[PDB]
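Examining the three-dimensional arrangement
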Amino acid sequence: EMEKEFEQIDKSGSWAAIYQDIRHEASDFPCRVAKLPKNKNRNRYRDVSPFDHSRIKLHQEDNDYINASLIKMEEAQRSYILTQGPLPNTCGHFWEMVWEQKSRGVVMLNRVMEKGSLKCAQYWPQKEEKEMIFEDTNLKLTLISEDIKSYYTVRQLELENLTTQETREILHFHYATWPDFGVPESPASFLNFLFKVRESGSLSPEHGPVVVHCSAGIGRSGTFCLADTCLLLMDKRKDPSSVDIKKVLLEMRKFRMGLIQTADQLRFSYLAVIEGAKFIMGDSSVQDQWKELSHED
């Protein structure tokens, strides 16, 4: 039981210990490409790089590097792409990645400005009538509509490969109230956001891996993927007890360093999986309760 384990860790007040244990055991793989001098200005943070074995390669001959990892969860049967907040010079790379990997959804867990600093380029258009064109990767991007909720916004985007004139619809899920290095206001509002993403079809196997990012693409991004995968796993055999949260996290950290950046984020992940189990185990009414409790409008 994750619920049993959770209480033991709370009673003894040992979340920091548990979390430090995961850091001590996490995988360590080379990040040779990310460290090449020609890629310095493609990385937002010197200490957050993608492993060479799991990094996403751009289909261009010039420089295939982007700070982005493919998290392939074999047992759960779901893939995600975790990446940093695009930089001013990598917004074209970012949308080229979306195109080549055939993704249908982009989950953004951060705001453009956080704690007084710019954490992310403004890589999508805020006005229908002002589209964006990425000359370096020959892509066009157009805002088609928005659904603005109280703490998150869903945007419908049209992405056009300008070489072939083929268009694609991308769903942008923008979480606005999740603090840098912190946790969401409640399990209910996190799970309500997660199920909005699930209900869009973006995590389906007919599409490419969903792109998930925050600023560095590890802390908030890691929390989002860990909860989803844990919920998907227990969905598979309707067996909450078969899910070991720390083992899933460690398996995820085989594909990208540093997923989940604080002990409280680890603790939150437990809360979210524990609450979401209610829905997995046949109480469909809990989804509306989350929506209410979240106050999206």
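Under the PDB entry, the chain has the name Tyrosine-protein phosphatase non-receptor type 1 and belongs to Homo sapiens. Among the UniProt annotations of the chain, the heading Subunit (literature references left out) holds the following wording: "Interacts with EPHA3 (phosphorylated); dephosphorylates EPHA3 and may regulate its trafficking and function. Interacts with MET. Interacts with NCK1." The record in UniProt for the chain states the following under Sequence similarities: "Belongs to the protein-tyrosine phosphatase family. Non-receptor class 1 subfamily."

A short note on the UniProt feature "binding site: substrate" in the chain
Per the UniProt record, "binding site: substrate" is annotated on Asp180, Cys214, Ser215, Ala216, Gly217, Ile218, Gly219, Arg220 and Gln261. Separation in sequence by 82 residues is not matched in space for these annotated residues, since their most distant C-alpha atoms are only 12.1 Å apart. Relative to the elements of secondary structure, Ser215 occurs in the loop between strand 11 (210-213) and helix 5 (219-237). By relative accessible area, which is 3% here, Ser215 ends up buried. Contact partners of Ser215, with chain neighbours within four places excluded, come to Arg44, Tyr45, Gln84, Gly85, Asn110, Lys119, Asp180 and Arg220. With near-sequence residues (within four places) excluded, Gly217 lies in contact with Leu82, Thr83, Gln84, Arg256 and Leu259.

So, the packing of helix 4 (residues 187-199) against helix 7 (residues 263-280)
The contact between helix 4 and helix 7 brings their axes to 9 Å, and the two run at 65°. The handedness of the crossing between helix 4 and helix 7 is right-handed. Across from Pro187, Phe190, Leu191 and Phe195 in helix 4, the residues of helix 7 making contact are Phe268, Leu271, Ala272, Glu275, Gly276 and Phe279. For the contact of helix 4 with helix 7, the per-class residue count stands at 8 nonpolar, 1 polar and 1 charged.

Things to note about the nonpolar core
With 65 residues, the main nonpolar core has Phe193, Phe224 and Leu266 as its most contacted residues. Setting aside anything within four residues of it in sequence, one finds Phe224 in contact with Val107, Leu109, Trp178, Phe190, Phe193, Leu194, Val197 and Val212. Counting 25 residues, the second largest nonpolar core, distinct from the first, contains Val98, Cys120, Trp124 and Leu141.

Calculation rules
Residues numbered from 1 in each chain as written, not as in the entry; some residues may be left out. Heavy atoms only, no water. Residues with missing side-chain atoms left out of burial classes, pairs and counts. UniProt positions renumbered as here; feature names shortened; annotations may be inferred. Helix = DSSP H or I, 4+ residues; strand = E, 2+ residues; numbered from the N terminus. Buried < 20%, exposed > 50% of the residue type's maximum accessible area, 1.4 Å probe, protein only. Contact = heavy atoms within 4.5 Å. Axes fitted to C-alpha atoms, helices over the stretch in contact; angles between N-to-C directions. Left-handed = near helix turned anticlockwise from the far one by under 90°. Nonpolar A, V, L, I, M, F, W, Y, C, P; charged D, E, K, R; others polar. Core = buried A, V, L, I, M, F, W, Y, C linked by side-chain atoms within 4.5 Å.

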